[PDB]
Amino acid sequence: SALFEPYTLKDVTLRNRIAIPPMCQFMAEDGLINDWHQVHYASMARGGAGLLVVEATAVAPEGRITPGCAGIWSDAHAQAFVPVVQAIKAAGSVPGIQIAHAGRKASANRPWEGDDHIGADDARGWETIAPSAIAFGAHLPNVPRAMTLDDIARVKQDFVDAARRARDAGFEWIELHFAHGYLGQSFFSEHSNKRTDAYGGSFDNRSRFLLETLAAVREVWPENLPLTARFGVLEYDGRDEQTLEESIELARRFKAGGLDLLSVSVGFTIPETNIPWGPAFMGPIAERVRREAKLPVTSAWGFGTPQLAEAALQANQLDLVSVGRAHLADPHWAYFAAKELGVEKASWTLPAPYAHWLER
């Protein structure tokens, strides 16, 4: 089975092609993770996935999505991740982390607590920042503060500091969150970037914040550990052909800047879209990015059955299959997939105290 072939990138070898993508838990307090995360991540890692990318972790307090988001903006925040890193490793999985800045989507309620921008009378809210003073709209009406050149320098340094902290905590895989309408995505998109300086307008200018952040992180992230990013390559906004061509060109420049793998996603930059949700719908798009930018890729959003994941790998559409929600349903999903795909000794996808008994 292709899903259960190992994968080597730089000095890191994953035991299979199942990746757990970053999934916010909204359970942190003042950015500090706790026993929710410790058990959540350790259990999924024991489930058998080869790579576990920890949830969007804010590089600065105002870069959290919600008051429940994890942060890594101080050394104390980074030290809190050390037992998560070590528990993922102890399970035989590879610990990764997505470092993030929510941009204009920040200062929002948890999804089961309204999912909307926090009210200005609520003591939990904060001022958001973005390329331009333009609101997402819909359930996120708060207008962000337009960043100055000094803000751009500071946020870039925050990504650098976060990458250095993640390195020292023992993460072996880093993902820059340039997707999903948060800060990085919003610099790239003409929907949200109306700037008239070096960081808006042309393709080079809109790419500049993302390329400069990648280059600054590259200075401190080890050359022998995978340096990756998540990027929304189209919006389903009626501009898909031109947007995908530009996004693929940016992927070429990411590769020239030392990126090892691209997590291919959807932009979610504005609400006025028509995303064609369906099983493995990102397959053909990820395949095109992979082939045209000549870069390894993963994707998500509907690959969460064993046969769909296997098919995407056999078709060379993906190098790793990211399986998110199925691992919330079943933290041992990788074992379930090994059983369904007829892997020999499938129960030994799990550690011995489970594997021995599920073999019979």
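Numbering starts at 1 and follows the sequence shown.
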Open item on the list: Mean CA temperature factor from the deposited coordinates, higher in 243-251 or in 195-203?
Closed with: 195-203
Open item on the list: Can you tell me whether 40-48 has a higher mean C-alpha B factor than 312-320 in this record, or the other way round?
Closed with: 312-320
Open item on the list: Out of 260, 75, 287, 175, whose C-alpha atom has the biggest B factor in the entry?
Closed with: 75
Open item on the list: Checking the record values for 123, 215, 100, 227, which has the greatest CA B factor?
Closed with: 123
Task: For residue 18, the third of its chain into which the C-alpha B factor falls - done: lowest
Open item on the list: Which third, lowest, middle or highest, does the C-alpha temperature factor of residue 234 belong to within its own chain?
Closed with: middle
- [ ] Grab the CA temperature factor for residue 350 from the record and place it in the lowest, middle or highest third of its chain.
- [x] middle
- [ ] Ordered by C-alpha B-factor within the chain, which third holds residue 136? Give me lowest, middle or highest, please.
- [x] highest
Task: Ranked against its chain, the third holding the CA B-factor of residue 89 - done: lowest
